[PDB]
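Structure record follows, encoded as structure tokens.
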Protein chains: 4
Amino acid sequence: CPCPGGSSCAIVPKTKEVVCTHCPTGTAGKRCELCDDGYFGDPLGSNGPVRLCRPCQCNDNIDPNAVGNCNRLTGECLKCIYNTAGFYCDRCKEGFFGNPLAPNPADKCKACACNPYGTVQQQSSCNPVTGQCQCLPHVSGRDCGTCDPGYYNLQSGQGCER
Amino acid sequence: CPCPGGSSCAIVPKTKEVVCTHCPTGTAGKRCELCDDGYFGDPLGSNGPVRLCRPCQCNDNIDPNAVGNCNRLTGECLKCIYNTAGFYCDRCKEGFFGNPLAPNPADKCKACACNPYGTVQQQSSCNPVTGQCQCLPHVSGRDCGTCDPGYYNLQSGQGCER
Amino acid sequence: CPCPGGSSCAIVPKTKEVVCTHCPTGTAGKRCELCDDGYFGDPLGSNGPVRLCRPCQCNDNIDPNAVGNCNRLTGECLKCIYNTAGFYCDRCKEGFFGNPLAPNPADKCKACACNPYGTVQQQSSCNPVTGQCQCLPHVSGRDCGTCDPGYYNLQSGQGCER
Amino acid sequence: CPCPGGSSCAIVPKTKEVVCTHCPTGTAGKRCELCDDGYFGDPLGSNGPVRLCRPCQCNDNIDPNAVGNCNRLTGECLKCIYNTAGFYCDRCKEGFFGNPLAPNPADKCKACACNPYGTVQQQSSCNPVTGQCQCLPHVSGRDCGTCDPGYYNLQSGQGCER
């Protein structure tokens, strides 16, 4: 059998070709040349040096029971949860802010929720760490949703006036 | 239905009791009061404050396709792979050394392999970072497997002599 | 000069010995054979293979402005702050509980504060994750500080009685 | 003294204004309203909620002995070393590839070194994980520096020909 240590093989009938069957854990493919789902690397050096298959590294921000969580070759996370994003689920989705590495799911990424009347050009994204939205003149609040004390007419859509 | 948002329920016949069926993702149990496998927390505050279920945090040193990787309540990792160990797969098994957080599986934890003739009291464990074994007099090497230059008789089991 | 690339040296007068002076960043010592404070490794392979000096890895739980934060050879963290502890400031001090890796200093490690009247054998340590103290009969609360509903006399020091 | 617990203060002569002097560790400023260098947060809630000052979180890819390693308000890493980059020194500089989180400084980020004759449009950047450069027709190698077996003339600057 043209398969790694442990792998048994089978002569398929539907085309008459041999394929590996008990590929070592972490690898898959007809020759156990691919990494299994949930893993990434290049077990047989098919595309560069040999890279042992290892579990995806997505800062624990992926569903353990989902499939296709990461690119089997590069390790790029594909199914980041909790509104996280980035190559390794280490950023927040655009329009969100917080700390993707915060251990409690609720504290990872919260929506910017920028008030459209007070935010410059009605932007939907805010500072990624503080969440501060970019406010029009004399508007205040993280979401730019209220006028500064003594100013009025937020709905002017151009800042508050005295 | 006495179940969280989304969960449907079913009146079982075999005892005539209702149980939840479409528990929100991450939770499980007849009332979706437990965290699903691969997750940990306390969704309904059954044993302390409410703790949203989150994927186990085992420094990516657990098989994504195994079950029971961590304690569903505390998050303690139970099935650490690559010879890693510790509460969160952040140490190496006893008798191993290296860096459990090293990204390549081969560089995480290697066996001490202390030479029994040169190691003090025939110990099997070595320094967890350097891997240095504790050597008898005039013995050298990480594994204490050879005499210092000019000394002889390692098999004396008491160090080399001149 | 018997010193690495860049290092200049000086013939000291007080004993008449040469010593290196502009050791490359991260290293120190008369021959730049040690790693500088805040770093760990073995730049010249003086005690095993060459290990480039790198900043201590203490999960950001060390004072950036303190000295001696980690062992210059092994990297073992020595001055863990915020009540954190363990080889790499990845555990909580004994008698504390929480998540040493929690990003907010206040959420890392909190004191067990076990009530001495309700805790078994007056223990001071609690579960490292939940903080639950070990309670005597019919005593409840994380700190074991109150009787179960309908029980009395916590100060009995043996659990509450009906 | 208009200063936090522990801080003493001084009436300066050069303008006659009081300023705090023994600010609690991690904070600084005339009112201990700023986080000290090497730290980030908002101790007194001067720009949003109170955020305890904590050491910069730059994946240990910053010089412990440098100043201004991170933004005192947001925590954005400013002086990433070892060719690392990104908000938290968690990417590699452009034109580099590897794993910024690799514990050995040498394995973090290596230069793409794309061969200009074999790389498409003479690009200098390569795949961030594999380092593979984008090669012209019939050119091979990570750096696109040699022709496929049986092809010739790499210096054509358009791929090799048979």
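Labeling convention for the structure tokens: chains A, B, ... as they appear, residues from 1 per chain, ligands from 1 in order of appearance.
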
Item to check | Contact set, chain C to chain A: 12 Å, only C-alpha atoms, as a PyMOL selection string | outcome: chain C and resi 98-104+107-108

Mind writing the picked residues with N, CA and C atoms as a short mmCIF file (atom, residue, chain, number, x, y, z; two decimals), in the first residue's frame?
data_model
loop_
_atom_site.label_atom_id
_atom_site.label_comp_id
_atom_site.auth_asym_id
_atom_site.auth_seq_id
_atom_site.Cartn_x
_atom_site.Cartn_y
_atom_site.Cartn_z
N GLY C 98 -10.02 32.63 39.13
CA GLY C 98 -10.34 33.47 37.99
C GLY C 98 -9.67 33.03 36.70
N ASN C 99 -9.30 33.99 35.87
CA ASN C 99 -8.65 33.70 34.59
C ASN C 99 -7.45 34.64 34.47
N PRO C 100 -6.21 34.13 34.72
CA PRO C 100 -5.03 34.98 34.62
C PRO C 100 -4.85 35.63 33.28
N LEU C 101 -5.46 35.06 32.25
CA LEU C 101 -5.36 35.60 30.89
C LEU C 101 -6.46 36.59 30.55
N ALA C 102 -7.35 36.89 31.49
CA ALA C 102 -8.44 37.85 31.27
C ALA C 102 -7.74 39.18 31.05
N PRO C 103 -8.07 39.89 29.98
CA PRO C 103 -7.43 41.18 29.71
C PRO C 103 -7.58 42.32 30.70
N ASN C 104 -8.67 42.37 31.47
CA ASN C 104 -8.80 43.46 32.43
C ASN C 104 -8.17 43.01 33.73
N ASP C 107 -10.35 41.44 36.44
CA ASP C 107 -10.96 40.14 36.20
C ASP C 107 -10.01 38.96 36.20
N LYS C 108 -8.72 39.21 36.42
CA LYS C 108 -7.77 38.12 36.40
C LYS C 108 -7.90 37.25 37.61
#

Next on the checklist: Quick one: residues within 9 Å of stretch 125-133 of chain B, only C-alpha atoms, excluding same-chain residues fewer than 6 positions away - as an NGL selection string?
Outcome noted: (:B and (91-92 or 94-99 or 110-115 or 118-119 or 141-144)) or (:C and (48 or 73-76))

Checklist entry - Do you know which residues are at most 10 Å from stretch 11-25 of chain A counting only C-alpha atoms, after dropping those on the same chain fewer than 4 positions away, and could you put them as number ranges by chain? => result A: 1-7, 29-36, 39, 53-54; B: 63, 65

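Within the 9 Å cut-off around residue C:68, using only C-alpha atoms and omitting residues fewer than 2 positions from it on the same chain, the listed residues are residues 37, 38, 66, 70, 71, 72, 77, 78 and 79 of chain C.
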
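With atom CA of residue A:120 on one side and atom CA of residue A:93 on the other, the separation reads 20.2 Å.
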
Next on the checklist: Which of chain D end up as helix (DSSP H, G or I) when DSSP is run on this backbone - answer as a PyMOL selection string?
Outcome noted: chain D and resi 105-108+120-122+154-156

Checklist entry - Among stretch 51-155 of chain C, which residues carry a DSSP assignment of strand (DSSP E or B), reported as an NGL selection string? => result :C and (51-55 or 62 or 70 or 77 or 80 or 84-85 or 91-92 or 96-98 or 109-111 or 119 or 135 or 139-140 or 146-147 or 152)

Checklist entry - What gap, in Å, lies between atom CA of residue D:83 and atom CA of residue B:61? => result 26.8 Å

Item to check | Long-range neighbours of residue B:156 as an NGL selection string, 12 Å cut-off, only C-alpha atoms, 3 positions minimum in chain | outcome: :B and (116-119 or 136-139 or 146-147 or 151-153 or 159-161)

Checklist entry - What gap, in Å, lies between atom CA of residue A:55 and atom CA of residue B:86? => result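 Distance reported for this atom pair: 18.3 Å.
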
Item to check | Contact residues around residue A:59 with only C-alpha atoms at 7 Å, ignoring same-chain residues under 3 positions, as an MDAnalysis selection string | outcome: chainID A and resid 88:90 101

Please produce an output containing N, CA and C atoms for each residue in the selection, written as a PDB file, in the first residue's frame.
ATOM      1  N   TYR A  88      -6.791  35.247  11.704  1.00  0.00           N
ATOM      2  CA  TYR A  88      -6.890  34.226  12.737  1.00  0.00           C
ATOM      3  C   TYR A  88      -7.981  34.473  13.779  1.00  0.00           C
ATOM      4  N   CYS A  89      -9.071  35.133  13.370  1.00  0.00           N
ATOM      5  CA  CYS A  89     -10.196  35.484  14.260  1.00  0.00           C
ATOM      6  C   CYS A  89      -9.633  36.319  15.415  1.00  0.00           C
ATOM      7  N   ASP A  90      -8.815  37.291  15.038  1.00  0.00           N
ATOM      8  CA  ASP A  90      -8.152  38.133  15.986  1.00  0.00           C
ATOM      9  C   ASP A  90      -8.442  39.609  15.777  1.00  0.00           C
ATOM     10  N   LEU A 101     -10.101  38.580  21.636  1.00  0.00           N
ATOM     11  CA  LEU A 101      -9.466  37.613  22.522  1.00  0.00           C
ATOM     12  C   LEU A 101     -10.045  37.608  23.929  1.00  0.00           C
TER      13      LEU A 101
END
